[PDB]
$ cat final04.txt   # compact mmCIF, N, CA and C atoms and all ligand atoms
# COMPACT_ATOMS: atom_id res chain seq x y z
N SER A 1 60.41 121.46 27.51
CA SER A 1 59.61 121.19 28.74
C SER A 1 58.88 119.87 28.52
N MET A 2 58.57 119.16 29.64
CA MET A 2 57.97 117.87 29.60
C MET A 2 57.07 117.64 30.77
N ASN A 3 55.97 117.05 30.53
CA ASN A 3 55.06 116.57 31.58
C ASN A 3 55.51 115.15 31.98
N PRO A 4 55.30 114.76 33.24
CA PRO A 4 55.48 113.39 33.63
C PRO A 4 54.40 112.54 33.02
N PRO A 5 54.62 111.23 33.01
CA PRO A 5 53.51 110.34 32.66
C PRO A 5 52.37 110.54 33.71
N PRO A 6 51.16 110.25 33.31
CA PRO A 6 50.04 110.40 34.23
C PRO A 6 50.09 109.39 35.33
N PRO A 7 49.28 109.60 36.34
CA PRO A 7 49.15 108.49 37.34
C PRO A 7 48.53 107.27 36.69
N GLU A 8 48.84 106.11 37.30
CA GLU A 8 48.36 104.86 36.90
C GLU A 8 46.79 104.83 37.01
N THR A 9 46.20 104.28 35.95
CA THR A 9 44.75 104.02 35.96
C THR A 9 44.38 102.55 35.72
N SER A 10 45.36 101.72 35.40
CA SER A 10 45.20 100.30 35.13
C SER A 10 46.35 99.60 35.71
N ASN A 11 46.15 98.48 36.41
CA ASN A 11 47.28 97.72 36.85
C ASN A 11 46.71 96.37 37.29
N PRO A 12 46.86 95.32 36.45
CA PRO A 12 46.40 94.02 36.83
C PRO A 12 47.06 93.43 38.15
N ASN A 13 48.19 93.99 38.58
CA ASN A 13 48.75 93.61 39.86
C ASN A 13 48.00 94.13 41.05
N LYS A 14 47.24 95.17 40.88
CA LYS A 14 46.63 95.85 42.01
C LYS A 14 45.42 95.20 42.37
N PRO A 15 45.14 94.96 43.65
CA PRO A 15 43.82 94.42 44.07
C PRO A 15 42.64 95.48 43.97
N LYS A 16 41.51 94.89 43.60
CA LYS A 16 40.31 95.78 43.46
C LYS A 16 39.02 94.99 43.75
N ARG A 17 37.93 95.82 43.98
CA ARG A 17 36.58 95.36 44.22
C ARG A 17 35.59 96.33 43.73
N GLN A 18 34.36 95.84 43.56
CA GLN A 18 33.15 96.69 43.45
C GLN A 18 32.55 96.72 44.85
N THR A 19 32.20 97.91 45.31
CA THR A 19 31.47 98.00 46.52
C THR A 19 30.41 99.13 46.46
N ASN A 20 29.43 99.12 47.35
CA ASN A 20 28.46 100.16 47.35
C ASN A 20 29.04 101.49 47.61
N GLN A 21 30.05 101.61 48.44
CA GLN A 21 30.69 102.91 48.69
C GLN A 21 31.39 103.41 47.38
N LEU A 22 32.12 102.52 46.69
CA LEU A 22 32.77 102.92 45.43
C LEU A 22 31.74 103.32 44.42
N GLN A 23 30.58 102.63 44.38
CA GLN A 23 29.51 103.01 43.47
C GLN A 23 29.05 104.46 43.77
N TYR A 24 28.87 104.77 45.03
CA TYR A 24 28.48 106.11 45.43
C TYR A 24 29.54 107.12 45.03
N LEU A 25 30.80 106.80 45.16
CA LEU A 25 31.86 107.70 44.74
C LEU A 25 31.78 108.06 43.31
N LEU A 26 31.37 107.10 42.42
CA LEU A 26 31.21 107.37 41.02
C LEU A 26 29.91 108.13 40.73
N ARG A 27 28.77 107.52 41.13
CA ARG A 27 27.43 108.03 40.77
C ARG A 27 27.07 109.33 41.38
N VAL A 28 27.55 109.57 42.61
CA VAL A 28 27.19 110.76 43.36
C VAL A 28 28.40 111.72 43.36
N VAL A 29 29.53 111.28 43.94
CA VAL A 29 30.60 112.25 44.19
C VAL A 29 31.25 112.75 42.91
N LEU A 30 31.80 111.84 42.13
CA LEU A 30 32.49 112.24 40.92
C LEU A 30 31.51 112.96 39.98
N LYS A 31 30.34 112.41 39.73
CA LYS A 31 29.49 113.04 38.73
C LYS A 31 29.04 114.41 39.22
N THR A 32 28.83 114.66 40.51
CA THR A 32 28.47 115.99 41.03
C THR A 32 29.58 116.99 40.75
N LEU A 33 30.83 116.59 41.05
CA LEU A 33 31.95 117.52 40.85
C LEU A 33 32.22 117.73 39.38
N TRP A 34 32.10 116.67 38.57
CA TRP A 34 32.48 116.72 37.19
C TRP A 34 31.66 117.73 36.41
N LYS A 35 30.37 117.83 36.73
CA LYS A 35 29.45 118.70 36.00
C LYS A 35 29.49 120.14 36.45
N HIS A 36 30.20 120.42 37.55
CA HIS A 36 30.26 121.79 38.07
C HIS A 36 30.93 122.72 37.11
N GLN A 37 30.49 123.99 37.14
CA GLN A 37 31.14 124.99 36.22
C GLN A 37 32.59 125.13 36.41
N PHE A 38 33.13 124.85 37.58
CA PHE A 38 34.54 124.99 37.86
C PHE A 38 35.36 123.72 37.76
N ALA A 39 34.75 122.63 37.21
CA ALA A 39 35.44 121.38 37.09
C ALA A 39 36.56 121.32 36.13
N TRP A 40 36.42 122.08 35.00
CA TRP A 40 37.28 121.82 33.85
C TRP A 40 38.76 121.85 34.12
N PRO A 41 39.37 122.71 34.98
CA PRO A 41 40.82 122.62 35.17
C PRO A 41 41.23 121.29 35.84
N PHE A 42 40.31 120.62 36.46
CA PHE A 42 40.55 119.43 37.23
C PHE A 42 40.15 118.16 36.51
N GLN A 43 39.71 118.25 35.25
CA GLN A 43 39.25 117.10 34.51
C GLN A 43 40.28 116.26 33.79
N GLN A 44 41.58 116.70 33.95
CA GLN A 44 42.71 115.99 33.32
C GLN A 44 43.94 116.42 34.05
N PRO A 45 45.05 115.72 33.90
CA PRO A 45 46.35 116.14 34.49
C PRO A 45 46.69 117.61 34.11
N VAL A 46 47.34 118.27 35.03
CA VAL A 46 47.89 119.60 34.73
C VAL A 46 48.91 119.47 33.60
N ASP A 47 48.70 120.24 32.53
CA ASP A 47 49.63 120.30 31.43
C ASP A 47 50.57 121.46 31.70
N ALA A 48 51.63 121.14 32.46
CA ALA A 48 52.61 122.18 32.84
C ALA A 48 53.37 122.74 31.68
N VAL A 49 53.50 122.01 30.59
CA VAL A 49 54.15 122.52 29.39
C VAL A 49 53.29 123.65 28.77
N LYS A 50 52.05 123.34 28.41
CA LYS A 50 51.25 124.38 27.74
C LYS A 50 50.90 125.53 28.66
N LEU A 51 50.71 125.25 29.95
CA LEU A 51 50.42 126.28 30.91
C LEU A 51 51.65 127.08 31.35
N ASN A 52 52.85 126.67 30.88
CA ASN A 52 54.07 127.34 31.30
C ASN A 52 54.16 127.45 32.82
N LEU A 53 54.12 126.29 33.46
CA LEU A 53 54.30 126.17 34.91
C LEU A 53 55.48 125.18 35.12
N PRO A 54 56.71 125.62 34.79
CA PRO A 54 57.82 124.62 34.78
C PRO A 54 58.18 124.08 36.10
N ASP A 55 57.82 124.69 37.21
CA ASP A 55 58.08 124.18 38.51
C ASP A 55 56.92 123.35 39.08
N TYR A 56 55.86 123.12 38.33
CA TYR A 56 54.68 122.48 38.90
C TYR A 56 55.04 121.13 39.49
N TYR A 57 55.71 120.27 38.69
CA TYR A 57 56.03 118.94 39.09
C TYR A 57 57.32 118.87 39.91
N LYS A 58 57.94 119.99 40.19
CA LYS A 58 58.92 120.09 41.27
C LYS A 58 58.24 120.20 42.63
N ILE A 59 57.15 120.91 42.71
CA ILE A 59 56.43 121.12 43.94
C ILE A 59 55.43 120.03 44.18
N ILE A 60 54.77 119.58 43.13
CA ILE A 60 53.71 118.57 43.20
C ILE A 60 54.26 117.25 42.73
N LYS A 61 54.59 116.40 43.71
CA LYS A 61 55.17 115.09 43.45
C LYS A 61 54.18 113.93 43.49
N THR A 62 52.93 114.20 43.88
CA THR A 62 51.83 113.22 43.75
C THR A 62 50.70 113.88 43.09
N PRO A 63 50.82 114.04 41.78
CA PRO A 63 49.74 114.68 40.98
C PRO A 63 48.48 113.87 41.04
N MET A 64 47.33 114.56 40.99
CA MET A 64 46.07 113.83 40.89
C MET A 64 45.06 114.78 40.33
N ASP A 65 44.08 114.22 39.63
CA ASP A 65 43.04 115.00 38.91
C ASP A 65 41.85 114.15 38.77
N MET A 66 40.69 114.76 38.44
CA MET A 66 39.46 114.01 38.29
C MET A 66 39.40 113.16 37.02
N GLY A 67 40.13 113.50 35.99
CA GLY A 67 40.17 112.58 34.87
C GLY A 67 40.75 111.23 35.23
N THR A 68 41.83 111.27 35.99
CA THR A 68 42.40 110.05 36.55
C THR A 68 41.49 109.35 37.46
N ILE A 69 40.83 110.08 38.38
CA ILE A 69 39.89 109.46 39.31
C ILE A 69 38.72 108.81 38.52
N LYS A 70 38.20 109.53 37.54
CA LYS A 70 37.15 108.97 36.68
C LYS A 70 37.53 107.65 36.05
N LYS A 71 38.74 107.64 35.49
CA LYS A 71 39.26 106.39 34.87
C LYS A 71 39.38 105.34 35.91
N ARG A 72 39.92 105.65 37.09
CA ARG A 72 40.07 104.65 38.17
C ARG A 72 38.73 104.07 38.56
N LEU A 73 37.73 104.93 38.70
CA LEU A 73 36.42 104.40 39.08
C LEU A 73 35.82 103.58 37.95
N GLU A 74 35.84 104.05 36.72
CA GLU A 74 35.29 103.32 35.58
C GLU A 74 35.96 102.02 35.33
N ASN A 75 37.23 101.96 35.64
CA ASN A 75 38.09 100.80 35.37
C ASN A 75 38.22 99.94 36.57
N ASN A 76 37.48 100.14 37.65
CA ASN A 76 37.51 99.40 38.85
C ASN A 76 38.91 99.21 39.38
N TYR A 77 39.60 100.34 39.57
CA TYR A 77 40.98 100.30 40.07
C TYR A 77 41.08 100.11 41.55
N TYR A 78 40.09 100.62 42.31
CA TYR A 78 40.19 100.74 43.77
C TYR A 78 39.77 99.47 44.48
N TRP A 79 40.36 99.25 45.67
CA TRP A 79 39.89 98.25 46.62
C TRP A 79 38.87 98.84 47.55
N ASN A 80 38.97 100.12 47.95
CA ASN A 80 38.04 100.64 48.90
C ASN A 80 37.83 102.13 48.67
N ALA A 81 36.83 102.66 49.34
CA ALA A 81 36.48 104.09 49.20
C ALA A 81 37.59 104.98 49.70
N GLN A 82 38.29 104.60 50.78
CA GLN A 82 39.46 105.39 51.28
C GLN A 82 40.42 105.72 50.17
N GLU A 83 40.76 104.75 49.33
CA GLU A 83 41.75 105.03 48.29
C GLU A 83 41.29 106.15 47.37
N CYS A 84 40.00 106.14 47.01
CA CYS A 84 39.45 107.14 46.14
C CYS A 84 39.30 108.51 46.81
N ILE A 85 38.79 108.51 48.01
CA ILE A 85 38.74 109.73 48.80
C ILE A 85 40.10 110.39 48.93
N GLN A 86 41.16 109.56 49.16
CA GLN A 86 42.49 110.08 49.17
C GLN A 86 42.87 110.75 47.88
N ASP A 87 42.52 110.19 46.73
CA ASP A 87 42.84 110.82 45.49
C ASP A 87 42.21 112.23 45.37
N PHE A 88 40.91 112.32 45.73
CA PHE A 88 40.28 113.66 45.70
C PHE A 88 41.05 114.62 46.63
N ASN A 89 41.35 114.18 47.85
CA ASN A 89 42.05 115.09 48.78
C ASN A 89 43.43 115.45 48.27
N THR A 90 44.13 114.52 47.64
CA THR A 90 45.44 114.85 47.00
C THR A 90 45.29 115.94 45.98
N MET A 91 44.25 115.78 45.12
CA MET A 91 44.01 116.81 44.10
C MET A 91 43.80 118.18 44.72
N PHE A 92 42.93 118.29 45.73
CA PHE A 92 42.69 119.58 46.35
C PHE A 92 43.93 120.10 47.02
N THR A 93 44.60 119.27 47.80
CA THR A 93 45.81 119.70 48.47
C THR A 93 46.87 120.18 47.53
N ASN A 94 47.06 119.50 46.40
CA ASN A 94 48.03 119.95 45.42
C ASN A 94 47.76 121.38 45.01
N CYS A 95 46.45 121.64 44.73
CA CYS A 95 46.08 122.97 44.28
C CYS A 95 46.44 124.00 45.37
N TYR A 96 46.13 123.73 46.61
CA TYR A 96 46.41 124.64 47.68
C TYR A 96 47.88 124.81 47.96
N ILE A 97 48.66 123.75 47.81
CA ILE A 97 50.09 123.82 48.00
C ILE A 97 50.78 124.61 46.91
N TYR A 98 50.38 124.41 45.64
CA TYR A 98 51.06 125.07 44.55
C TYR A 98 50.75 126.55 44.48
N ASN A 99 49.49 126.91 44.68
CA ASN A 99 48.98 128.26 44.37
C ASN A 99 48.87 129.09 45.65
N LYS A 100 48.11 130.15 45.63
CA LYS A 100 48.01 131.17 46.70
C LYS A 100 46.56 131.42 47.06
N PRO A 101 46.32 131.87 48.28
CA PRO A 101 44.92 132.19 48.67
C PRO A 101 44.37 133.18 47.70
N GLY A 102 43.09 132.95 47.34
CA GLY A 102 42.41 133.94 46.42
C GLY A 102 42.65 133.75 44.97
N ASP A 103 43.60 132.88 44.55
CA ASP A 103 43.77 132.64 43.16
C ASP A 103 42.50 132.01 42.61
N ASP A 104 42.21 132.29 41.33
CA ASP A 104 41.03 131.68 40.72
C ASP A 104 41.03 130.17 40.88
N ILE A 105 42.16 129.50 40.63
CA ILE A 105 42.17 128.07 40.69
C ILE A 105 41.81 127.55 42.09
N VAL A 106 42.29 128.29 43.11
CA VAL A 106 42.06 127.94 44.53
C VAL A 106 40.56 128.12 44.86
N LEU A 107 39.96 129.22 44.38
CA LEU A 107 38.53 129.42 44.57
C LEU A 107 37.71 128.31 43.92
N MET A 108 38.20 127.86 42.72
CA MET A 108 37.53 126.76 42.01
C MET A 108 37.60 125.48 42.78
N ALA A 109 38.83 125.15 43.26
CA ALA A 109 39.04 123.98 44.07
C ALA A 109 38.19 124.02 45.30
N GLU A 110 38.11 125.19 45.99
CA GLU A 110 37.30 125.28 47.20
C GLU A 110 35.84 124.99 46.94
N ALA A 111 35.34 125.49 45.79
CA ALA A 111 33.91 125.23 45.47
C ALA A 111 33.67 123.76 45.26
N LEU A 112 34.58 123.09 44.54
CA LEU A 112 34.46 121.64 44.35
C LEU A 112 34.56 120.91 45.66
N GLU A 113 35.51 121.32 46.49
CA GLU A 113 35.75 120.64 47.78
C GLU A 113 34.56 120.78 48.69
N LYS A 114 33.86 121.91 48.66
CA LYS A 114 32.68 122.09 49.47
C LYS A 114 31.66 120.99 49.17
N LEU A 115 31.44 120.80 47.87
CA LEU A 115 30.50 119.76 47.42
C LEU A 115 30.98 118.39 47.74
N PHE A 116 32.29 118.13 47.55
CA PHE A 116 32.86 116.86 47.94
C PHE A 116 32.60 116.52 49.37
N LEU A 117 32.85 117.50 50.27
CA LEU A 117 32.65 117.26 51.71
C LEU A 117 31.19 116.95 52.01
N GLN A 118 30.29 117.67 51.39
CA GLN A 118 28.85 117.45 51.60
C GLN A 118 28.51 116.04 51.16
N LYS A 119 28.95 115.60 49.99
CA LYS A 119 28.61 114.25 49.54
C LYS A 119 29.29 113.18 50.37
N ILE A 120 30.53 113.34 50.72
CA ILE A 120 31.15 112.26 51.40
C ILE A 120 30.61 112.16 52.84
N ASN A 121 30.06 113.26 53.41
CA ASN A 121 29.40 113.19 54.69
C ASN A 121 28.27 112.14 54.71
N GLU A 122 27.68 111.88 53.55
CA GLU A 122 26.60 110.86 53.41
C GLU A 122 27.06 109.67 52.66
N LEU A 123 28.32 109.32 52.70
CA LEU A 123 28.81 108.06 52.16
C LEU A 123 28.02 106.94 52.91
N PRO A 124 27.45 106.01 52.18
CA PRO A 124 26.66 105.00 52.88
C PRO A 124 27.55 104.06 53.61
N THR A 125 26.98 103.44 54.68
CA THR A 125 27.62 102.34 55.39
C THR A 125 27.88 101.17 54.40
N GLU A 126 29.00 100.53 54.53
CA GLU A 126 29.28 99.38 53.62
C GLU A 126 28.21 98.28 53.76
N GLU A 127 27.72 97.79 52.61
CA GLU A 127 26.73 96.60 52.49
C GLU A 127 27.31 95.32 52.62
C1 LIG B 201 43.96 124.63 33.11
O1 LIG B 201 44.07 123.84 34.30
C2 LIG B 201 44.80 124.31 35.36
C3 LIG B 201 44.79 123.45 36.44
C4 LIG B 201 45.49 123.79 37.61
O2 LIG B 201 45.43 123.05 38.74
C5 LIG B 201 44.53 121.95 38.81
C6 LIG B 201 46.21 124.96 37.63
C7 LIG B 201 46.99 125.41 38.82
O3 LIG B 201 47.18 124.75 39.86
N1 LIG B 201 47.55 126.67 38.72
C8 LIG B 201 47.40 127.46 37.55
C9 LIG B 201 47.82 128.80 37.54
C10 LIG B 201 47.65 129.62 38.67
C11 LIG B 201 48.01 130.97 38.72
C12 LIG B 201 47.89 131.84 39.89
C13 LIG B 201 48.59 131.47 37.57
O4 LIG B 201 48.93 132.81 37.56
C14 LIG B 201 47.96 133.72 37.01
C15 LIG B 201 48.74 135.02 36.74
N2 LIG B 201 49.51 135.53 37.89
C16 LIG B 201 48.58 135.84 38.96
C17 LIG B 201 49.28 136.99 39.72
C18 LIG B 201 50.54 137.47 39.00
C19 LIG B 201 50.37 136.76 37.63
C20 LIG B 201 48.72 130.73 36.41
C21 LIG B 201 49.32 131.32 35.10
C22 LIG B 201 48.34 129.40 36.35
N3 LIG B 201 46.85 127.05 36.49
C23 LIG B 201 46.21 125.83 36.53
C24 LIG B 201 45.49 125.46 35.35
$ encode --input "final04.txt" --output "structure tokens"
Amino acid sequence: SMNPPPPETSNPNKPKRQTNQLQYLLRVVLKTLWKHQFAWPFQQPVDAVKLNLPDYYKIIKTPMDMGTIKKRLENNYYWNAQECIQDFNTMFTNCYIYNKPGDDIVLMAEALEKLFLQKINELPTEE
């Protein structure tokens, strides 16, 4: 069994910026979710080999996780807040697509997503 390579976190070809919205995504959004009791399954790529989920990357063709998002924010990968918000939504959607209502992982994702929605509702206007 084999995991795919992780998503890209560095790419000198990619355009990027620092902005106040991206700062908020790191300081407020990511750090709020990261510290939550239910964060840990989402803090790194799904290890389908050790978890014995051999169909994971058959179903999930755009993997995403908060470890990747953390690296992207720390490494100034993004051009805008949309790109980062999309990564969070990909992560949640993957979980919902792969699993079933009521699964522990789905309940965990929902708790994180609740907080995500609350924080992104107060994303500041661009400076
Ligand atoms: C450690 O980090 C992660 C991260 C993840 O996503 C971010 C996932 C993920 O999406 N799914 C699962 C996962 C989900 C279920 C339902 C599952 O089944 C339990 C037993 N079954 C229930 C009923 C009959 C028997 C098993 C073995 C694994 N594990 C993950 C682990």
$ closest_atom_pairs --input "final04.txt" --of "segment 4-64 of chain A" --to "segment 79-97 of chain A" --cutoff "8 Å" --atoms "all atoms listed in the file" --output "tab-separated table"
residue	atom	partner	partner_atom	distance
A:14	C	A:79	N	7.3
A:15	C	A:79	CA	4.7
A:16	CA	A:79	CA	4.0
A:17	N	A:79	CA	4.1
A:18	N	A:79	C	6.7
A:19	N	A:79	C	7.1
A:21	C	A:81	CA	5.4
A:22	N	A:81	CA	5.3
A:23	N	A:81	CA	7.8
A:25	CA	A:81	CA	7.4
A:59	C	A:97	C	7.1
A:60	CA	A:94	CA	6.3
A:61	N	A:94	CA	7.7
A:62	C	A:90	C	6.5
A:63	C	A:91	CA	6.2
A:64	C	A:91	CA	4.4
$ closest_atom_pairs --input "final04.txt" --of "chain A" --to "ligand LIG 201 (chain B)" --cutoff "7 Å" --atoms "all atoms listed in the file" --output "tab-separated table"
residue	atom	partner	partner_atom	distance
A:40	C	B:LIG201	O1	5.7
A:41	CA	B:LIG201	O1	3.6
A:42	CA	B:LIG201	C5	5.0
A:45	C	B:LIG201	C3	6.6
A:46	CA	B:LIG201	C3	5.2
A:47	N	B:LIG201	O1	6.1
A:51	C	B:LIG201	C21	6.1
A:52	C	B:LIG201	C21	6.6
A:53	CA	B:LIG201	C22	6.9
A:94	C	B:LIG201	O3	6.2
A:95	CA	B:LIG201	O3	4.9
A:96	N	B:LIG201	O3	6.9
A:98	CA	B:LIG201	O3	6.1
A:99	N	B:LIG201	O3	5.8
A:100	N	B:LIG201	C12	6.0
A:103	CA	B:LIG201	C12	5.3
A:104	N	B:LIG201	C12	5.9
A:105	CA	B:LIG201	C7	5.8
A:106	N	B:LIG201	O3	6.9
$ closest_residue --input "final04.txt" --among "A:107, A:48, A:2, A:112" --to "residue 34 of chain A" --atoms "all atoms listed in the file"
A:112
$ select_by_dssp --input "final04.txt" --residues "chain A" --states "alpha helix (DSSP H)" --output "count of residues only"
58
$ closest_residue --input "final04.txt" --among "A:102, A:70, A:56, A:30" --to "residue 116 of chain A" --atoms "all atoms listed in the file"
A:30
$ atom_distance --input "final04.txt" --atom1 "atom C of residue 11 of chain A" --atom2 "atom C of residue 67 of chain A"
16.1 Å
$ atom_distance --input "final04.txt" --atom1 "atom C of residue 69 of chain A" --atom2 "atom CA of residue 9 of chain A"
8.1 Å
